[PDB]
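What follows is one structure encoded as C-alpha cells, with my remarks underneath.
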Amino acid sequence: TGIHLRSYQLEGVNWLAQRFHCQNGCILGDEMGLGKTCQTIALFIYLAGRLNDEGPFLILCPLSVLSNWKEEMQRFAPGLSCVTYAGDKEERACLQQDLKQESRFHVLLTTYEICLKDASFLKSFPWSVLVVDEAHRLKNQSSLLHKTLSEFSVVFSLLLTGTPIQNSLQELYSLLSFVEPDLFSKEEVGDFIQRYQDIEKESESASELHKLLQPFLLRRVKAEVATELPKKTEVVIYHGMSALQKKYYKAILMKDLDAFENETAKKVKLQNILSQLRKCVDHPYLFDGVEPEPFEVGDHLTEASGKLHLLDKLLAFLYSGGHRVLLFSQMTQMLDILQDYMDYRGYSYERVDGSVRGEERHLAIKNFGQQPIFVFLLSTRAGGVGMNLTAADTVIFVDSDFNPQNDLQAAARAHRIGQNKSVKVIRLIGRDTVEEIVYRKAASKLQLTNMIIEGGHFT
Amino acid sequence: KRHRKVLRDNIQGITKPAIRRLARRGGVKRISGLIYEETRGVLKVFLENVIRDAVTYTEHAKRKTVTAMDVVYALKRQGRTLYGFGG
Amino acid sequence: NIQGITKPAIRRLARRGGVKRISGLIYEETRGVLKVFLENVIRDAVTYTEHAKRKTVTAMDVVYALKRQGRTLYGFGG
Amino acid sequence: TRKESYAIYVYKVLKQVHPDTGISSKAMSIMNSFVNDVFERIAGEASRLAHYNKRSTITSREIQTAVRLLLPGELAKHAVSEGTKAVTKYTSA
Amino acid sequence: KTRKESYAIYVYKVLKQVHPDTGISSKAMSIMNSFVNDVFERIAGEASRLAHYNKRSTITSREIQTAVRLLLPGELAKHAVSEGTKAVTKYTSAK
Amino acid sequence: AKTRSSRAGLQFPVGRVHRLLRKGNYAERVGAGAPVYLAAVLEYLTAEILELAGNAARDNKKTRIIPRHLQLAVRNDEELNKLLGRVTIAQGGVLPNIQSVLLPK
Amino acid sequence: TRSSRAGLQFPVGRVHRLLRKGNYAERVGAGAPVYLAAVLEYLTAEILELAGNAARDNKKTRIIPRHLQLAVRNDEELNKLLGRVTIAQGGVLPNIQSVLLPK
Amino acid sequence: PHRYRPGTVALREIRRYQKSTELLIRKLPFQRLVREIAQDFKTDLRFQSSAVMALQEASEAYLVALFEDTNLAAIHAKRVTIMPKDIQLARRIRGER
Amino acid sequence: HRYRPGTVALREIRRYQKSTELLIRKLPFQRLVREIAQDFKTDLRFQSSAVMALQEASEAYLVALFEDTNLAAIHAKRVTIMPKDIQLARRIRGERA
DNA sequence: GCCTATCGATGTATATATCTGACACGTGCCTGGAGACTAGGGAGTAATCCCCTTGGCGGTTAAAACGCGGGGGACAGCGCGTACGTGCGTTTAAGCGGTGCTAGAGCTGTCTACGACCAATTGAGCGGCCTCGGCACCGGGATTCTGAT
DNA sequence: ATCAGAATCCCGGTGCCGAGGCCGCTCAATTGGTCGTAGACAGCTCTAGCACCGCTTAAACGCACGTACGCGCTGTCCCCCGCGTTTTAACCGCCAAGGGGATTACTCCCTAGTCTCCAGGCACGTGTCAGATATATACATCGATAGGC
C-alpha cells in the first residue's frame, strides 16, 4: 500500500471506486492538485491490489509536471512499475520495441504531443484506463486531442480538474459528454442546451442542473478542506502610463509618425489594435526599435513603462521585506523586459518558459526553491500548472489575463499540498487603460460562471 | 542580449535550397549561386506587378481583404490563367 | 514559288535585324518559318471573308486576324 | 446561399466516357473554371463578328465560325459537326 | 451616298495646341486614328469587365479611373487620372 | 420532354446557356440557334478532354480523376497544350523531360 | 456642347454614343464619357510632343510614321503599352551590339 | 565511406520533382513576403487564405517555366551550369521586359 | 582594292536601320500569298491594301525574330546566325509548335 | 586499359496491411426554366451603280544571280583550377495544434438620385472641290571616311 | 605611322501636289421633361481571419572535400564577304473590262418581353470506401572496386 496523508483522501477514493464500480467514467473537480494524483494512484492499487486489476494504466499530464509526476509516483508508488514514453523519435521508437512489445509495466507515463503522434499504439494496445488532468483542452470539441482520445481503447477513464469551465456551458457539456458520450453525445449534439435552456433556468433550478451532474461529478473546495488556511490576499495596482507610451497609445489609436518609423512602430502591422494597445501599456520596447538605443541598459527601460517605474520599487521593497515572488506574464517579451530589469539590477532570478525543457524546468523548481532567488519568471500557460512554488511569498500578474481561471490556476501554485506562509497576490492595472477594460470583461466571465457553476459537493 | 532579436529579410527567406528544389523541377542540373539572388529579384518584380493590380481590384470593390478572385482577375488581365481557385 | 522570297531580300531583312553574317542554311529555314506564319494569318482572314459572305479579302480581315493573333498594326484600316 | 455550377453536367459526361470512375472536387473545380474560360473566349469573338457584320443578334453562324477561329482544325471540325447535329435535330423537334 | 466619321479634326486641333507651327501626314493621322480606337477598345473592355465583376448595371467614372490605373503605367496614368477628375470637375462644376 | 436540352439531346443546360447569353451583353440580341450550338460544342469538348484524363487516371490505377491526370492529358495532347498554352493547372506539374545532354555516359 | 462644357476638345457626345452602341454595360453614368474623353485627349497630346520633336529633329514639320515609331520606342511606358503593337513603315531603333563593332 | 558522383542525386531529385506536384516554397515565408509587398502598395490590407495559395501556384509555375528556358539557353551555349545572363536573355526573348 | 570583310555590312545595317522602307519585291510576295490563299478557298479576291498590310506585318514579324536570333547567337559567343538559333528563339517565344 | 563483372549500397518499386475523409449519394426545397403569349422591326431579297480588282500592254532598269579569294570566324581540342555537388553535424524556425479576439464580408430592407427614355433643333463635322511651298528629288558639289605605309 | 580615294553628307534648284481650307448640309448631339429603377445607404450578422503561445522536427544551414566543369588558350580551315560579272523580270506607266462590292425598298420571321406554372438544380445530410498510409518486402538500378585478362 501507499501512504496515508490527508483526511479527504479515503472518502474520495471510495467515491471513485464506487463510480468505477458503477461501470462508468466520472469527473473529480476538487481543487488544484490536492494529490488527486495520489487518490488516483490509490485507486490504481485498489485495482491492482484489491481488485487485482493489473490492467496496464495510462496517464497523460503536461510536459511541465512529468518529472514531478514521476516524483509523486516515486514518493509512494514505486510498488507500481511506472514507465515513461518520451524523448527523441529514436527514443520513442526504441521504447515501442522495448516495452510496448513487452507489456513490462503497470503504468505508462506520456504527454500530449507524443501520444497524438503515436496514437496507433494507444488505439491498438488495450489500456485499463486513461486518466487526464489539466484537461481543459477538452473544453473544445474541435480539439483533435479529444477526438483521438475518445477513439482510444479503454475500459473506462477518469477526468480530473481543479479549474472547470473556462468560459461557457459548451465547455461543460463537452467535458461532461466526452467522459460518457455513449449517453451524453445527444448533449453535445445540443439537446442539453435545450434540457437546461442554455443555463437560463439559472438560479431558479441550478440544483436541477447540478442534479444532472452531482450523480456523476465530485468537486471539493480547498477552503472547504480548509486545512492549512494560508492567506492569499489579492490586490490591484491601478497606475498610469508614462508619457512616451501615452504618445504611442495615441498613435496606435490614431497615426504613427515617421519618428515611429525610425523607431519602426510604423512599417509594422496593425490588424490587432488590442494587442498593440496592450503592448503599449505593457511596455513600448516590446515593439522592436522603440527602445531608443539598443545598446543601452538604464532607467529608460524602467521609466518607459509606468509599471516598471512602480514595479522596480515594489520588487526592491518586497525583496527588502523578504517577500519572494512569482511574476506571471501574458507575453515572453515582457518576461525578457523583466529579466532585463533583473539583469539591470543584477537581481537574481529563475525562469521557466516554453523553450525550457522539462528537466530544466524541474531543476528550475529546485533552483527557485531551496535558495533565495528573488523571482521566478513564468510563462502563464506553461508555468501556471501544478507546481508547489511555495518558495515565493507573493505573486504579481504583471499583465492582465483574459480568463481569471488562468489567474486561479497560476495563483493555486501556492497552497497546493499545503502552504505555510502569508501569500499576497498583486494585479497590475494600467489606470485609465484597456487593462481596466480587459479586467472588467474578465470579471464578467467570472460573474457569469461561479454564481451557477459552483454547484457540486457545494450542493 | 535578449532585449532584441534581428531577423533576416523574408526576401532571403526564399531559401537557397528551395530555389534549387524549384530549379530541379525546372530540370536545372547545375547552378551557380548568383542564380539565387537573381531569381529573388525576378520573382519580386513578378509578384509586385500582380499584387498591385490585385489590390487595385480589391480597392475598386472597396474590400479590406484581398479576394482570391482579385488575384484571378489580376493574373488573367496580365494574361496568365490559372484554374482551380474559382473562375 | 517560295523562292520568290529572294536570298538578298532575306539578307536585307537580316541587316535591318542587325545580323552581321548569315550562314546560307538560314535562307531555307526563313522561308519555312514565314510560310507557316503567313498560312495562319491567311486562314483567319479568309474566315472573316467567308463569314462576311465576301469573295474579296479586306485588310480588316487582316487586322482582325492580327488582333486575334496577338498583334496589331495601326495605319491600315479603321 | 446558392450558386450555379456546371458540375452535374460534367459529372454525367464523365459517366459517358468513363463510367465506373470518379473525380476529385479539385478537378471538378478545375473543369468549371475551364468551361468558364472557353465560354468567355467564344462569346467575345461572336460579339466582334456580329459587330463587324453589323448584326444586333448573335446567331449560330457566329458560333460556328467563332469556334473555327479558335480550335485546331480537327477539333473544330468535330465540334462543328456536333453543333450541327445537335442544332439540326433540335430544330427538327 | 457614303459617309464616315473620324477623330481626325480633334487630333489635328490637339496638334495645333501642342505645336501650332507643326503639320502631319494622312498616313500618320490614320495611325493616330487607329491608335485612339485601340485605347478606347482596351479601356471599355475593362470597364465592362469591372462592372460585371461588381454586379453593376452601370459603368461610371470609377470604372474608367480604375481601368486607366490598370491599363497605364507610371505618372502617365496619374496625369491622365488627374486630368480626368479635373475634366470631370470642370464638367460637374459646369452646367 | 419539356427540357429543351432533351429536345436537343444534349446534357448541357440550353436554358442556362440561353440565359447566360441573354445576360452576356455580347450583343443586343441572341438567336435561338446560338445557345444550342454552343452547348453541344462545350459538351463535346468536355468529353474529349475527360476521356484522356480518365485514361491517365486509370493508367495511374486510380478511379478518380485528379489534377495531375488533367495536366498530363492537356500536355500530352499538344492541341490542348496550345489551346491552354496561356493557362496553368494547380498542382498539375509538368511532363517528364530530361535533355539528353544531361544524361550520364 | 458637352465637350465644351467639359473644356475638352475630344467629342464627349461621340464617346457617349460609342459607349451606348458598345454594349459594354446596360447603363452608363454621365461622368464616364467625360472622364474617358479627357484621357484620350491627354494621351494624344503627350504622343504628339515627341512626334513633333522627332520631326523637328528630322527637320520636318509634317509628322510622319517614322517619327511616331521612334517616339513610341523612346518612351518606355508607351513602348510597353504598344509592345504588342506595330506601326506601318515605322522601322526600328537604330542600334547595334558592341560585340559587332570594330575596335 | 561513400559518396555519390556530382549530379547523380540531383537526377533522382529531378525525376522525383517531375513526378511530384506539391508546392515547394515554405508557405509561411511566402505569406510574409507577399504581405510585405502588399503593405508597400497599401499600408493596411487583409488577405483571404486561398488567395495566397493561388499566388504561390502561379509564382512557382511561372518560375519553373523560366527555368526550362534558361536550361535550354545554357544547353544552347553548350553549358551545363546556368548563369544569370541566360535568364536575362530568356526574359528578353520571352518578350518579358 | 576590296573593302574588308564585314566592314560595309555595318554601313548596310546603318542604312537599313536608318531607312524605314519595305524590303520585299511585291509581285513575288503577292504571287506567293495568292497561290497559298487558293488552298484556303477558290478565287479569293484581295484588297490591294491587304497585300501591303500583310507584307508590312510579315516583314516586321521576321525583323523582331531575326533580332532575337541575333542575341541568341551573340549569347552563344558567335557572330554568324545558325538555324538552331532561330528554333530556340521561336520556342523561347513559345510561338513555335 | 579496359569491360565485366563482383559485391553490395543504397536506392525506389512493388508487396499486403489497416484506415477516413472526401466523396457518391438522397433529401426538401424552389426560380429559372419551359409554355405558352404578342410586336415589330432586324434581318433578308431583289434591286441597281460603279467602282475596284482583275488581267493586260509596253519599255527601262535594278535585282538577282553567279564566280571568285580568303580570312575570318566556326570549330575542335587542351590545360587550368573554381566553384559547386555532395554528406557531413549542427539550429533554426516551419509547421502545427491550439488560444482568443472582432473587423468586415454578406446579407438584409429602404429610397430616391440618377439615368433611360422620347421630341424636337440646331450646327458639327462631314464630303467635294478647291490652291498651294513643304515636300521630294534632283546634280554636284564637300565631307569624311576606311586602309595601306 | 601617313595620305589616298572611295563613298559618304550638304547644298541650291526644280516642281509637284496631299495637305490644308471653304462650303452645303444633315443628322446626331442638345435641350428638355417623364418614368422608375438601381444602387446607393443604412442596418444587422458571424464568419474567418488575425494574433501569441507550446511543442516537434524536418530542414536549413554551414563545412569540408574533391571534379569536372567552365573557362582561356591553342590551331585548322573553310564559307563566308565583297565584288564584277551576266542575266533576269520587277517594275511602272500604261489600258480596259466587268465581278464584286456597295447600294435601297419592301418585306416576315423572328425574338423581346409578356405571365403561368413548377422541377431541375441546388444546399444540405447521408454512408463508405479509395486513396491514405505502414512497412514491409523485392530487386532494382545505381554504384563503387577493380575484378580479371
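Using Swiss-Prot numbers, chain I covers 40-136, in order.
Structure method, as recorded: electron microscopy, 4.8 Å.
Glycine is treated like the rest: Cβ placed from N, Cα and C.
What Swiss-Prot records for I:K57, I:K65, I:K80, I:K123 is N6-(2-hydroxyisobutyryl)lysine, and it gives similarity to another entry as the kind of evidence. Here Swiss-Prot flags I:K57, I:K116 (among others) as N6-glutaryllysine, drawing on similarity to another entry. According to Swiss-Prot, the feature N6-succinyllysine maps to I:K57, I:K123 (among others). The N6-crotonyllysine feature in Swiss-Prot is assigned to I:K57; the stated evidence is similarity to another entry. What Swiss-Prot lists as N6,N6,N6-trimethyllysine is I:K80 (among others), and the listing cites similarity to another entry. The phosphothreonine feature in Swiss-Prot is assigned to I:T108 (among others); the stated evidence is similarity to another entry. Residues or ranges marked as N6-methyllysine in Swiss-Prot (evidence: similarity to another entry): I:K123 (among others).
On the structure: features taken from Swiss-Prot.
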residue	record	Cβ within 10 Å
I:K57	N6-(2-hydroxyisobutyryl)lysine	11
I:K65	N6-(2-hydroxyisobutyryl)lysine	11
I:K80	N6-(2-hydroxyisobutyryl)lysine	14
I:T108	phosphothreonine	29
I:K116	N6-glutaryllysine	9
I:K123	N6-succinyllysine	15
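Reported as a whole number, the C-alpha separation between I:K123 (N6-succinyllysine) and I:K65 (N6-(2-hydroxyisobutyryl)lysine) equals 29 Å.
In this entry, nothing among the modified residues I:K57, I:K65, I:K80, I:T108 has a C-beta under 8 A from a C-beta of chain H. Taking I:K57, I:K65, I:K80, I:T108 as the modified residues under consideration, the smallest Cα distance to I:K116 (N6-glutaryllysine) is found for I:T108. Chain C has a C-beta under 8 angstroms from the C-beta of I:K80, taken from the modified residues I:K80, I:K116, I:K123. Rounded to a whole value, the Cα-Cα separation of I:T108 (phosphothreonine) and I:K57 (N6-(2-hydroxyisobutyryl)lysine) is 21 Å. Rounded to a whole value, the Cα-Cα separation of I:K57 (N6-(2-hydroxyisobutyryl)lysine) and I:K65 (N6-(2-hydroxyisobutyryl)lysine) is 22 Å. Chain G comes close to I:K57, taken from the modified residues I:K57, I:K80, I:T108, I:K123 by a C-beta to C-beta distance under 8 angstroms.
Across the structure, I:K65 (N6-(2-hydroxyisobutyryl)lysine) and I:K80 (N6-(2-hydroxyisobutyryl)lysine) place their CA atoms 22 angstrom apart.
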